[PDB]
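Trainee: Chains as they are written, first to last, in the UniProt record's numbering: chain A, 69 to 134; chain B, 40 to 77, 79 to 134; chain C, 15 to 118; chain D, 16 to 118; chain E, 36 to 124; chain F, 33 to 124; chain G, 25 to 102; chain H, 25 to 102.
Quick reminder that beta carbons are idealized off the backbone N, C-alpha and C, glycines included.
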Amino acid sequence: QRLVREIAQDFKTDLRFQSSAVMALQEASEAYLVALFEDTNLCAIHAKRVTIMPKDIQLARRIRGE
Amino acid sequence: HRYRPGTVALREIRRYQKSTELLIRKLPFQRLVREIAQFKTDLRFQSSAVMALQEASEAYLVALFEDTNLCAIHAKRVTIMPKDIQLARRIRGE
Amino acid sequence: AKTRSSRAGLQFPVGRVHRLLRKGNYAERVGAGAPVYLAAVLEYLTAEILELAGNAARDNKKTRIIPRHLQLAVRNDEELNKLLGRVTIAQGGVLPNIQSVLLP
Amino acid sequence: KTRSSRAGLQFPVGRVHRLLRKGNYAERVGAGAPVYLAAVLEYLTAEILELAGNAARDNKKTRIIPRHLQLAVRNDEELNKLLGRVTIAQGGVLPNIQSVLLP
Amino acid sequence: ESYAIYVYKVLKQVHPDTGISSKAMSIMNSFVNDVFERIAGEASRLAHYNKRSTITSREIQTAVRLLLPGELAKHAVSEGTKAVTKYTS
Amino acid sequence: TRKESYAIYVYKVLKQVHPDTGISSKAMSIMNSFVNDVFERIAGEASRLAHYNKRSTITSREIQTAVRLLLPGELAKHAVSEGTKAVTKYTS
Amino acid sequence: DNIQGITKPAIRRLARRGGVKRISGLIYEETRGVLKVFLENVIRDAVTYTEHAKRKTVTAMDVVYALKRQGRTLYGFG
Amino acid sequence: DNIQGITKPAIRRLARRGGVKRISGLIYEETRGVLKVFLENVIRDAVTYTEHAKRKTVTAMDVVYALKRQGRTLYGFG
DNA sequence: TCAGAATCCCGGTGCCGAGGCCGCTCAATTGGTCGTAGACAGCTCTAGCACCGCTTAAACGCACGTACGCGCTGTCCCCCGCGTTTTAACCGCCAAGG
DNA sequence: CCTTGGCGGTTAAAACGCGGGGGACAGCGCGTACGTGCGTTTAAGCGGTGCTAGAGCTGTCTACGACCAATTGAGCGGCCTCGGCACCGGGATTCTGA
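(1) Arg73 of chain F to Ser79 of chain F, Cα distance in whole Å?
(2) Between the C-alpha atoms of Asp69 of chain G and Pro27 of chain C, what's the straight-line distance to the nearest angstrom?
(3) For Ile63 of chain B, which residues in the same chain have their Cβ closer than 8 Å to its Cβ, ignoring the five residues on either side in sequence?
(4) Buried or exposed: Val50 of chain C, going by 16 or more other Cβ atoms within 10 Å of its Cβ?
(5) Is it buried or exposed for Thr33 of chain F, if we count other Cβ within 10 angstroms and need 16 for buried?
(6) What are the boundary residues of the alpha helix (DSSP H) that includes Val44 of chain G?
(7) Cβ of residue 17 of chain G less than 8 Å from any chain F Cβ?
(8) By the 7 Å beta-carbon criterion, what residues does the stretch 95 to 119 of chain E contribute toward chain G?
(9) CA-CA distance, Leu61 of chain B and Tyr58 of chain C?
(10) For the alpha helix (DSSP H) containing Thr55 of chain H, list its first residue and its last residue.
(11) Taking 8 Å as the threshold (beta carbon to beta carbon), is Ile131 of chain A in contact with chain B?
(12) Excluding five sequence neighbours on each side, which residues of the same chain lie with their C-beta closer than 7 Å to the C-beta of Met60 of chain F?
(13) To be precise: take each residue of the stretch 44 to 60 of chain B, compare its Cβ to all Cβ atoms of chain C, and keep it if any distance is under 8 Å. Which residues remain?
(14) How far does the beta strand (DSSP E) with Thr97 of chain H in it extend, from its first residue to its last?
(15) What residues are listed by DSSP as bridge partners for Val44 of chain D?
(16) What do you reckon, are the CB atoms on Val82 of chain H and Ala92 of chain A nearer than 8 Å?
(17) Out of curiosity, what's the CA-to-CA distance linking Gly105 of chain F and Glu77 of chain F?
(18) Report buried or exposed for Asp124 of chain B, applying the criterion of at least 16 other Cβ atoms within 10 angstroms of its Cβ.
(19) With 9 Å as the C-beta to C-beta threshold (strictly closer), list the residues of the stretch 68 to 81 of chain E near chain D in chain order.
(20) Using a Cβ cut-off of 8 Å, which residues of the stretch 75 to 89 of chain H contact any Cβ in chain A, in chain order?
(21) Among H:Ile35, H:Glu53, H:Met85, whose alpha-carbon lies nearest the alpha-carbon of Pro122 of chain A?
(22) Would a C-beta distance cut-off of 8 Å place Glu93 of chain D and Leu107 of chain E closer than the cut-off?
(23) Taking the beta strand (DSSP E) that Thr102 of chain D falls in, what are its first and last residues?
(24) If you draw a straight line from the C-alpha of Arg117 of chain A to the C-alpha of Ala115 of chain B, how long is it?
(25) Compute the Euclidean distance between the alpha carbons of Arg56 of chain G and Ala128 of chain B, then round it to the nearest angstrom.
(26) Do you know offhand how far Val58 of chain G's Cα is from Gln126 of chain B's?
(27) Under 7 Å Cβ to Cβ from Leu109 of chain C, same chain only, skipping five residues before and after it: list those, please.
(28) Could you please give me the residues that DSSP links to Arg84 of chain B through a beta bridge?
(29) Compare the C-beta of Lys96 of chain C with all C-beta atoms of chain F and state if any pair is closer than 8 Å.
(30) Below 8 Å between beta carbons is the criterion; list the residues of the stretch 48 to 66 of chain E that meet it against any residue of chain D, in chain order.
(31) What's the C-alpha gap between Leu50 of chain G and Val112 of chain E?
(32) According to a CB-to-CB cut-off of less than 7 Å, which residues of the stretch 51 to 82 of chain C neighbour chain B?
(33) With DSSP as the reference, label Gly105 of chain F as helix, strand or coil.
(34) Around the C-beta of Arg82 of chain C, are 16 or more other C-beta atoms found within 10 angstroms, so that it is buried, or is it exposed?
(35) Establish whether the CB of residue 180 of chain H and some CB of chain F are separated by less than 8 Å.
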């Protein structure tokens with residue numbers, strides 16, 4: 069919640085939030101990160117590694133189109 | 040005289056990234072479309089339709105091979121392999 | 015009498031945009047400034063892309079603008095690439111790009 | 016009598032008719048469109064609820080939960096294709112472990 | 036207003052002795068709304084390419100065939116056809 | 033039968049930013065497609081905005097909101113500036 | 025059997041444009057299948073539009089709409 | 025610096041849910057940036073919708089519309 | 001070093017496609033009437049935000065080991081570059097009739 | 001109007017063989033990054049109490065757009081017009097490979 073408030077202060081001063089409006093953000097963020105890791109794990113396995121690397125993350129985002 | 044393996048490969052890469060023409064031959068492509076469009081029997085086609093299909097197909101294949109090359113390089117390989125295409129189409133969402 | 019385009023100082027036609035809005039099933043009513051605003055935006059984008067197209071032509075020593083030049087103009091600008099990242103241009107080709115590990 | 020009773024459906028035809036006439040889609044609507052669309056929606060709803068109920072019975076429960084909806088949707092070949100870009104809240108993921116990680 | 040009572044009526048026909056939570060009811064509401072929007076938008080697109088005023092059952096059927104997968108679309112079309120037949124007969 | 037186009041307008045725009053430069057027919061077709069696509073995108077976004085707030089009328093405010101949502105970075109700023117300049121000149 | 029008409033040199037040239045230096049001997053059977061699936065999808069959508077339009081001839085605008093449906097947005101054919 | 029509030033074990037937890045066995049030491053700093061960018065985009069669009077709607081409170085429907093704009097439909101908060 | 005295969009450069013030929021000029025549909029502008037959309041004025045009240053004491057869920061520093069990421073070596077699997085042979089992609093003239 | 005279909009000639013193109021270098025692959029020793037484990041510290045959630053910003057629901061009324069008649073000139077088209085550019089040629093310059 070604090071993080072969202074801080075990064076929202078950059079677009080409009082003195083805002084107010086809804087609890088569900090923050091809950092939806094949390095759900096979407098967790099889903100996005102889970103999907104990102106699900107793809108990154110495949111990248112790392114394709115690299116014949118167990119440990120997961122930031123180059124794997126970057127490859128996942130590049131191929132996905134981000 | 041022989042150019043060393045890979046040199047002419049780079050030459051072709053350069054010249055075919057410089058050119059803009061189509062690579063696939065029209066008559067075979069046309070026969071392929073009119074075969075796999077048999079959905080509805082006894083169809084007819086505008087030429088511009090096939091002309092657009094060829095453009096879209098070659099664009100799609102080039103865009104797929106780019107990611108295939110990226111996967112092959114990530115695997116610390118020069119040669120692309122079908123597992124690279126499979127990984128690309130798995131991450132792409134197909 | 016003067017055209018709305020002349021009254022607004024634009025080059026794109028206000029009236030045709032007005033008709034396309036009113037005959038496109040977007041809403042019940044269309045505001046009198048909407049087409050002026052939209053034509054201004056479209057004219058700006060047209061000029062923005064054509065400037066880069068003409069620069070590409072001058073760079074390639076040509077008088078005419080060709081789809082290869084349009085492809086270069088779009089893909090060499092970051093904002094236009096982001097705006098048209100899902101657009102395929104016919105007879106446009108690709109960008110020269112060789113990875114640093116493939117060549118000695 | 017209600018149009019739904021004539022058609023033998025369960026979803027209300029009249030509200031669909033109103034939404035079509037209200038949502039700025041076209042100038043006119045034919046009499047059969049809302050009945051057809053209601054039948055389609057009823058079929059899809061029934062399919063989803065059938066698979067959800069099966070998933071719910073598979074875990075000794077009597078109330079369908081979002082986890083059950085998630086399992087029902089993701090354990091089907093075509094519903095996953097239809098809802099591939101949809102995130103369900105409180106849904107979770109499918110349990111699976113890659114075969115190169117197990118000892 | 037929403038589709039909750041109708042969802043109940045549908046549920047009680049395919050699983051008599053079961054219940055459903057409010058969160059699942061909301062998810063089903065969203066699902067119904069989303070499919071409604073998709074099909075309606077596709078039909079509105081189809082009606083413009085042929086420059087016709089009226090969205091008809093034919094238009095909806097075309098949208099369904101374009102939008103749903105293979106085995107699902109056939110049953111959807113069959114159900115819609117049966118309903119629109121019973122509507123007049 | 034006659035059909036609408038944007039070719040003369042695009043040519044007039046070109047003759048202002050490059051006094052000596054031609055444009056091929058294929059390029060003109062691509063430009064027509066680009067204009068049509070952007071028009072459709074902005075109009076659709078505006079019509080979508082008009083329905084969330086239950087308004088019958090699409091106004092320059094809705095159009096501006098759609099442009100701001102749709103264009104990235106400084107391009108949106110310049111688009112808004114140009115549109116505002118034109119709308120301001122239209123009223124006087 | 026016209027899928028064999030997409031020749032090995034053709035696929036090699038496409039890879040060269042894609043930036044590939046060295047090509048495995050098994051890429052072609054995969055590329056042919058991918059192309060077949062893509063063409064089957066697009067042609068299915070196009071034929072659907074045609075059958076709705078009550079036309080014998082498949083137009084180019086039908087192909088463009090079919091590509092727009094899948095998110096390709098080809099320019100140059102209207 | 026509230027970006028440090030997203031804890032190391034929290035990111036490990038997300039990776040565990042994603043199916044990762046062993047985590048490198050920079051994944052956390054990468055993930056913080058990725059999340060920051062994603063949230064910045066979504067919040068920007070949501071605040072845009074709000075300022076258009078003349079509201080000062082940011083509704084949940086604005087977040088849903090912004091996610092739909094990004095292309096990630098969310099069921100439950102309607 | 002230096003053969004020798006690619007490529008760039010200056011120059012002539014001539015055509016086909018980018019364009020100006022002239023015609024004329026139709027559609028854009030202006031004057032004017034009317035209904036009502038929605039900006040504005042006003043009254044109501046509920047989730048959000050703030051402060052506080054509290055329980056305890058949880059993050060984090062540190063110890064220390066073996067899993068595993070990595071550089072290096074030998075070698076053989078296969079792919080590129082070139083030459084030879086077979087052939088159908090392409091261009092052209094012509095026709096029925098969808 | 002123009003799509004499908006037909007006969008015919010040209011030659012660009014694809015397929016076939018071969019030499020042998022490129023790199024794909026299995027295997028090994030090694031270093032330390034990340035784990036399992038575990039004490040101490042931070043501050044995440046509860047619940048309770050309280051205020052009120054700002055969302056929400058009644059009423060005005062006139063500013064604004066839709067619609068209608070009449071006028072007429074802007075945009076799509078047909079038809080010559082002509083030069084930007086590809087094509088082809090002789091030659092000097094780059095670059096690769098042993």
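Mentor: Taking the geometry as given:
(1) Each residue's Cα considered, the two are about 10 Å apart.
(2) Their backbone Cα atoms lie some 35 Å apart in a straight line.
(3) Within the same chain, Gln94, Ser97, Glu98 come within 8 Å of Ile63 of chain B by CB-CB distance, once the 5 residues on both sides are set aside.
(4) Buried.
(5) Exposed is the call here.
(6) Per DSSP, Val44 of chain G lies in no alpha helix (DSSP H) segment and is marked neither H nor E.
(7) Chain G is shown from 25 up to 102; residue 17 of chain G falls before or after that span and cannot be answered.
(8) Those residues of the stretch 95 to 119 of chain E placed with their C-beta closer than 7 Å to a C-beta in chain G are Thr97, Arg100, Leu101, ordered along the chain.
(9) When rounded, the distance between both Cα atoms is 33 Å.
(10) From DSSP, the alpha helix (DSSP H) with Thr55 of chain H extends over 51 to 76.
(11) Chain B contact via Cβ: present.
(12) Close CB contacts of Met60 of chain F within its chain, under the 7 Å cut and outside five residues either way in sequence, are with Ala39, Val42 (chain order).
(13) Taking a C-beta cut-off of 8 Å against chain C, the contacting residues of the stretch 44 to 60 of chain B are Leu49, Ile52, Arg53, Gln56, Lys57, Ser58, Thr59, listed in chain order.
(14) That run of the beta strand (DSSP E) goes 97 to 99.
(15) Bridge partners of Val44 of chain D: E:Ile90.
(16) It is not a contact, given that the beta carbons lie outside the stated cut-off.
(17) Between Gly105 of chain F and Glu77 of chain F, the C-alpha separation is close to 18 Å.
(18) The residue is buried, with at least 16 neighbouring Cβ atoms inside 10 Å.
(19) Residues passing the 9 Å Cβ filter: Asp69, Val70, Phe71, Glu72, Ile74, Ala75, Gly76, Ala78, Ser79.
(20) Per Cβ criterion, the list reads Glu75, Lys80, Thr81, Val82, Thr83, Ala84, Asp86, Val87, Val88.
(21) The shortest C-alpha separation from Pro122 of chain A is found at H:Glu53.
(22) In this structure, the beta-carbon distance from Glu93 of chain D to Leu107 of chain E falls below 8 Å.
(23) In this chain, the beta strand (DSSP E) harbouring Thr102 of chain D covers 101 to 103.
(24) Taking the straight line joining both Cα atoms gives about 10 Å.
(25) When rounded, the separation of the alpha-carbon atoms in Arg56 of chain G and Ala128 of chain B is 16 Å.
(26) Between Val58 of chain G and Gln126 of chain B, the alpha-carbon positions lie close to 10 Å from each other.
(27) Shown here for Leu109 of chain C: same chain residues with a beta carbon closer than 7 Å to its own, the five before and five after excluded, namely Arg89 in chain order.
(28) Paired residues: G:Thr81.
(29) Taking Cβ atoms only, chain F reaches closer than 8 Å to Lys96 of chain C, which makes this a yes.
(30) Taken in chain order, the members of the stretch 48 to 66 of chain E whose beta-carbon sits within less than 8 Å of a beta-carbon on chain D are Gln48, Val49, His50, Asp52, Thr53, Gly54, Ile55, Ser56, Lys58, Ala59, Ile62, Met63, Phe66.
(31) Whole-angstrom Cα-Cα distance: 42 Å.
(32) Of all residues in the stretch 51 to 82 of chain C, only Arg82 place a beta-carbon less than 7 Å from a beta-carbon of chain B.
(33) Residue state, collapsed to three classes: coil.
(34) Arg82 of chain C should be labelled buried.
(35) The structure shown does not extend to residue 180 of chain H, since chain H is modelled only from 25 through 102, so no value can be given for it.
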